[PDB]
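In: Next one to model:
(chains A, B, C, D, E, F, G, H, I, J, K, L, M, N and O)
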Amino acid sequence: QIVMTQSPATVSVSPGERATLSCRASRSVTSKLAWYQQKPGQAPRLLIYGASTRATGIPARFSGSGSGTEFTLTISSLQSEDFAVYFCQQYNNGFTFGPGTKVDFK
Amino acid sequence: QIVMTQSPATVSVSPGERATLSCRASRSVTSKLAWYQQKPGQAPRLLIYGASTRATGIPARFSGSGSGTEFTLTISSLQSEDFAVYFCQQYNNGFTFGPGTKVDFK
Amino acid sequence: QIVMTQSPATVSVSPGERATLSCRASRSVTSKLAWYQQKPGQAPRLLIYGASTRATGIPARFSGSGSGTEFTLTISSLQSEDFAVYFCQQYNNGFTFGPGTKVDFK
Amino acid sequence: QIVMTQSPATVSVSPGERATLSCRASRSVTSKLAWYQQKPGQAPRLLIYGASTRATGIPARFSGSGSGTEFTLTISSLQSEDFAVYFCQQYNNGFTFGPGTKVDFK
Amino acid sequence: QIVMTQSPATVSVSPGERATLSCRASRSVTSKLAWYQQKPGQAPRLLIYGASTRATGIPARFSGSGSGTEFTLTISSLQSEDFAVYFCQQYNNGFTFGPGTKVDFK
Amino acid sequence: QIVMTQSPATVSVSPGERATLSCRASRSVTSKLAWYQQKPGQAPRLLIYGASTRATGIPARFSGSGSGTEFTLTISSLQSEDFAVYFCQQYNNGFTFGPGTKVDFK
Amino acid sequence: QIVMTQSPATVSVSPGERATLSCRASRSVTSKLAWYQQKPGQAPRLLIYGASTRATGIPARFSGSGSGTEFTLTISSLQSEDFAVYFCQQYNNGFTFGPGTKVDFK
Amino acid sequence: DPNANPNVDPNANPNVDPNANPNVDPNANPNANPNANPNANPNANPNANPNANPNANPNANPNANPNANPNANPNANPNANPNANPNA
Amino acid sequence: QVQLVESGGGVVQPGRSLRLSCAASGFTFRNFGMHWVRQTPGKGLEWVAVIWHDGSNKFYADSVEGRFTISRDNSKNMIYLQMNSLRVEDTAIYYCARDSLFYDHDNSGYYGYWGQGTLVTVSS
Amino acid sequence: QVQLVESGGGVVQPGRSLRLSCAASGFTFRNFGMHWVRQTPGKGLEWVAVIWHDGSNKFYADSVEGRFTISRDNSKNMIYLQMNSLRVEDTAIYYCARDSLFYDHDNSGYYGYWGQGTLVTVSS
Amino acid sequence: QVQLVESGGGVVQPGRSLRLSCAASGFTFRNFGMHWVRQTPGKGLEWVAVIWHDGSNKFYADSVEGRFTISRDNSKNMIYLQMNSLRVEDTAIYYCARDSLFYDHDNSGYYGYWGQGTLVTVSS
Amino acid sequence: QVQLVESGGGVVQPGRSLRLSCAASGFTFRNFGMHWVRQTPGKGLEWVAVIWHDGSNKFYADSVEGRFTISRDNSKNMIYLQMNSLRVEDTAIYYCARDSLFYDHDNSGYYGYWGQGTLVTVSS
Amino acid sequence: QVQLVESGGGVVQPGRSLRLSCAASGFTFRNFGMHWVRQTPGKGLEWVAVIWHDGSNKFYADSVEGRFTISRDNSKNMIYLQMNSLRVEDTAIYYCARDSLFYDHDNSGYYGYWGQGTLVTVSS
Amino acid sequence: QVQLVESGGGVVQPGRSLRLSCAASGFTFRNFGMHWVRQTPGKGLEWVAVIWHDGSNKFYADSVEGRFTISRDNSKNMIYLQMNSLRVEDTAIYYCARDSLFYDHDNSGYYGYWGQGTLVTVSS
Amino acid sequence: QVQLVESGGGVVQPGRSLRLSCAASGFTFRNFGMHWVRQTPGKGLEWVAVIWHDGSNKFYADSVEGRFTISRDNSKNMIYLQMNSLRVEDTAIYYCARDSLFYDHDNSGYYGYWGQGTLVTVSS
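Out: Numbers count the residues shown, from 1 in each chain, chains lettered A, B, ... in the order given. Sure, structure below:
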């Protein structure tokens, strides 16, 4: 179906700065793309659904954008409790996930 | 868009005499130009469309011609009911009308 | 839309001779033009569709050709049952027919 | 609808050599063209779907490509099991197959 | 693409006088050239577009003219609010701007 | 338009000797002149194009020269396969051929 | 089409002096002539395009000039990495390359 | 002649010559030009065209498309619709 | 065996209402769009109306625009034409036609199969 | 018999909202695009807005861009024009005009059939 | 393991009726649309018919339009093909084929999984 | 391998029409303009017609102006020549000739590749 | 058969406008340039206007400069002559003439084919 | 009242990515194409990118080719500019500009209506 | 950062077919026309083929006309070159070259950006 690719695989940053996470799909997905955050040890948590809408309880720090084949996830001032691996899903054609990208201490 | 000018503003003609009307465009219009007839207190009526094609129900008395920036409306034998103000429209680039030329009794 | 003309109105060919019919369109038609054969008291029969493609059951005797505004229908060697009136249709813009060309004995 | 053609009818390739098959369309079929492999006494097997995507379980040896009206199928290093007749299908407009190209010993 | 230059760099004119701003293109731009006015801290404002046509709301004081590679912008009786930096843009081939010309008090 | 003449009508030469053919134009054709070779039952073949440039696959045996109204074709050492009728064409104004010069055995 | 020749085949200069390479076309190419530099084992690099315009990133040392049928490529004060083969291309009519010129240590 | 006048003569006729041939030249090159610009044009009009035909096109194919996807759609909503009519 | 039969013809006065019915058999009815073709002697063949496969869209000729209503009943394999405000100029033989011999996306609008036709005359 | 009846006219104050309605009958409404045309004495006829057959595309004149909103509803054969932020320059007779006499692919943009028109006056 | 087996083959006279069956297993039968493919020696593979997942739409080739009928029973995982007015040129091997390897909206109509085929011969 | 094969020749009577066809292969057909060349014994070769790469411009000789019509189809690589109102002067061999060996802007109008020729005779 | 037919003649009053049309057939219209020639009895033949093949350039005589407008449409194969502000000196017969019998680069400007002519007279 | 406001400005380090957004109101957003214009002190105004009305085509300047990406959302009336791989040369003020005052087919590519602009600085 | 990488190279026998593919990244692929350029030792640099931005026009060199075929897929950012009927004269390094540094209407056809090149050897 549609193959998702994330770049870069890992990003190095210190708390307090802005982190950008990119998701790209082979074919057009319109505006149906969800972001998930998974910490080591427990299930991923739905951060963003649609293309930019935020799940109830998610802080405004998590910002999503993009449509079609280019998608990005931006965190305004990246904090410590939220260091984890982030997954990109498309639910327009089938149900596929991205390989996942990691945010790490610098 | 396209500035539409008609000349002369008013033509003096008697019944049975052939009356002519001129329409000029600022830029090229090709063959997309319609002529409308408006009688006092009435909505305009489509006489000619394209450059010379006649609307259904329009007497063969009305004859239009021209292309580019020179369009003319010719009435072969103007009768008593043919006294009104005639408008020139182009639909090649936008939708602009002319000021209108009125035919009156001589 | 498009006014469809055929010439000549009547063709006279002896059996075994080749009969050619012409069809002309006011504007460009490209490759959307069909030929129909109507016998007295019968419904028209589709011979050619597109510009040259032959309907199933039509013998290879009938050969249509042409594109744009010039279309020709060629009967290579006409037999006795090929005496009828042939109509020319364009379906590129609207659905207009031709007046019809009659094939008669010589 | 769309007539499928393949050339050459037969290709002679010894084991270990690269074999190429061709499929040509009368009108453009975009990128909807599947390749099948049929061994004598057996049903055809789907090798390639789309224009280049490979069916699951198909060795990476089979590499197809092409779009529009020119399609090719390439066997990188033909083995003994790759001797069969290969059919070309288009599913962009209708469902039409090709005549089939046979691969035999040299 | 096309390199745009302006002359002179600065003009000194008292209010009520006529100020002329010139513009030159490296290659012919036909009649596709616009003029913009920018006040300190404000976004540029489109005064004249194409070669001479005036944007809605622009006073008749501003007069643009020229064609080919020689363009001029003439301010007949410059008021107090007409002191700013004026930009010359061509859009015939690409989208390039001039260096800008500043109008200053005399 | 321009009439094309060749002289002499027939040239008799034995194999191994140099044979020269001449072509003359009523009006100047500058350097736009092509030479063709026709054998009985065969279509003409382009030998020289322009004034001297030689077509691909043509041996260096054939040598042409001249400009304006006087043109010559020279066969340095005529072989057995060079016995044919040679035509002279000018494409500067219209497309006119010469009568043709025949080369035969001695 | 147009045949391009470069003279001399090789030019010997020590680093620090001035090196000039000449390119000549059979027919006029106006001002459409690009220069390329190819190092051993590397792809050609565009130095100068048009007739004199310099590609982005090219140092001002490489100076192009000429128009019509006589072109020159001038190197102001040659470094050590400028030892390579330089090709001359015309793109006015077709796409043809020159034989290439070698610059070598003296 | 090296001493010929190199400057342009301003006394040349500035009017268009009506005796120029009005017939179109058959000797123009009939081959496609490979030297034309192959790059897309950024100077094209990015705005929409109101002059496009607003009327419905009767020449569209009225036959049912067999190339439509026959497989069931897994992306349909699996949740029970609350907007279904709750009355009798 | 594509068979098309027409009914509902006869004689009517000008300004009255007539309804033509077309029964189609020998093919999958719901997969194709149907037409109505009018043959006036001295004028030739003339198109009247067209209906989509499921009746989604309906397009009429200018001469019959606003007076004629075309419909279809895919469960009964029937094509209908409602003739309201009938006039003298509408006297002709009306042919029930099927669009295309087979589905081609780039080729549609020609009538592969015609009915025998029914005669509708308008006079006093 | 293509008949267009405008409504919703009257007198309003500048800066207020007025909604015009256009009722169409005598033709297949959903197959054609409809226009709004403005007539001010001393200036002549002026185009206002156009809507596609399905309502997908809407275009407006410069003088009415962002203030006038055209809409259509094919189930009631009605054409609407919502006029917000009205100014003294907007007083005129507004005509409901259908595009084209019949469907011609290469000829569209002329008003074959006009409505009776309604008067919108803006003042205090 | 998607296994498709055809049945109902044999020898029949021209003009008679034959009914083929195809049993499907190893996948969710009701989520996919099944086809029929015909292989005549000397002509190659040719498409016959297609049915939607729920049986809503049925399409047939022009050579078999009006004579062949494709049907399905999702409660028995069976695909049927009723062959009426059978003729001599319909003698071939019939393959029961499934559309697509998996669900892709923009890619459908190719036969990922074929049955072993059944032989139908029509002669006197 | 530029191969040109003509067809459509035969016998005609004066005042009738014949249509010649030319099949082209071995090169990009749509990038080149094609000619027609006629060879009459006792007269030699003489040019007949030429068409542009996209068929925009068509030029005919004096003796065939108004009677011969040249056409081309870039989707089928075919060159046509409609010959209406034939005369006994038109009896000759017609060659399908491609313009130029390769694209040169200043050198065009010579026949790089010829076909084998077809015979058209006009007699009773 | 190069056949040229003028039309639109008649009698008008001085200071009015008249239009002449010329329908050309029997040759490729868009390949040649046309003229208008005026024949006044007692004065002879005098030239009026010329137009290029594609309508690019237009040249008029001194006596009719600025009052007469020549135009053409290659699609309907017609030549038009718009005569504004006619005067008594403009009474004559107007001929539709074609330039040259065939294309020659160095020889153009002579009328190889004439129309039958139309009479235009102005008076009170 | 067309108001264009932008956001997404701030300070970013070289080699990082920034996203600018531009909100459009007061006009039909989907009928026009929007540009991004760059202003740097000491260099003047500079063009960056353009997008079509429906987002079909996107053209970027040479200095930003392959690093910047323009996109639009006609449902939210917003314009976006993704700026990856930022370099020190990109310090400027970025304006959201609309193409043309109104639709003129032969005149487009000038920025009639601008926004206030946002400041993007790249430094350590 | 514009990178062009070629693949599909290797050694083939004369008369066989090879397919070269070129991957493009770092720019808007669909806005530029791509070239194939050939380098044979002892002969110099040589041009092979060109394709328009959307693949509408394709032009090949004389030496490769009729045998090679260039194509592109704007959805995969890849350039292909089908080399049918290869000969010993085709042994060279094949480069993937992009036309022009940026868009200039009057300056195009020069190879701003080149790939690393792939080697194709034809021998036995």
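In: Now do the strands for chain A: every range, in order, please.
Out: Per DSSP state E, chain A carries strands over the ranges A:4-7, A:10-13, A:19-25, A:33-38, A:45-49, A:53-54, A:62-67, A:70-75, A:85-90, A:96-97, A:101-105.
In: Which of those strands sits closest to chain I?
Out: Each of the strands of chain A was scored for nearness to chain I using C-beta to the nearest C-beta, and the closest is strand A:19-25 (28.1 Å). For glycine as for every other residue, the C-beta is placed from the backbone atoms N, C-alpha and C.
In: which strands and helices sit next to the closest one?
Out: Where contact means 3 or more C-beta pairs under 8 Å, 6 or more residues apart in numbering or on different chains; DSSP states H and E, strand A:19-25 is packed against strand A:4-7, strand A:10-13, strand A:33-38, strand A:70-75, strand A:85-90, strand A:101-105.
In: Pipe these into TSV and attach distance to chain I and mean neighbour count per row.
Out: Shown next, in TSV, are the helices and strands packed on strand A:19-25 (distance: least, C-beta to the nearest C-beta, whole Å; neighbours: other C-beta atoms under 10 Å in any protein chain shown):
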stretch	distance to chain I	mean neighbour count
strand A:4-7	32	16
strand A:10-13	48	13
strand A:33-38	32	21
strand A:70-75	32	21
strand A:85-90	29	22
strand A:101-105	43	15
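In: Tell me which of those lies nearest to chain E.
Out: Distance to chain E, taken as C-beta to the nearest C-beta, is lowest for strand A:70-75 among the helices and strands packed on strand A:19-25, at 23.6 Å.
In: between the closest one and strand A:19-25, how big is the angle?
Out: On the basis of axes from the mean of the first three to the mean of the last three C-alpha atoms, to 10 degrees, strand A:70-75 is oriented at 160 degrees to strand A:19-25.
In: Pairing partners for strand A:70-75, with directions?
Out: According to DSSP bridges, strand A:70-75 has the following sheet partners: strand A:19-25 (antiparallel), strand A:62-67 (antiparallel).
In: residues in chain A within reach of chain L, list them.
Out: Contact residues (C-beta under 8 Å from any C-beta of the partner chain) of chain A with chain L: there are none.
In: residues contacting whichever residue of chain H sits closest to chain O?
Out: Nearest residue of chain H to chain O: residue H:38, at 2.6 Å (C-beta to the nearest C-beta). Contact partners of residue H:38, counting by C-beta atoms under 8 Å, 6 or more residues apart in numbering or on different chains, are O:32, O:33, O:50, O:51, O:52, O:53, O:57, O:99, O:108.
In: how about a cut-off of 7 Å?
Out: Counting by C-beta atoms under 7 Å, 6 or more residues apart in numbering or on different chains, residue H:38 touches O:33, O:50, O:52, O:53, O:99, O:108.
In: Kindly report the same for residue H:39.
Out: Contacts of residue H:39 by C-beta under 7 Å, 6+ apart are O:31, O:32, O:33, O:53, O:99, O:100, O:103, O:108.
In: now do 6 Å
Out: The contact partners of residue H:39, by C-beta atoms under 6 Å, 6 or more residues apart in numbering or on different chains, come to O:32, O:33, O:103.
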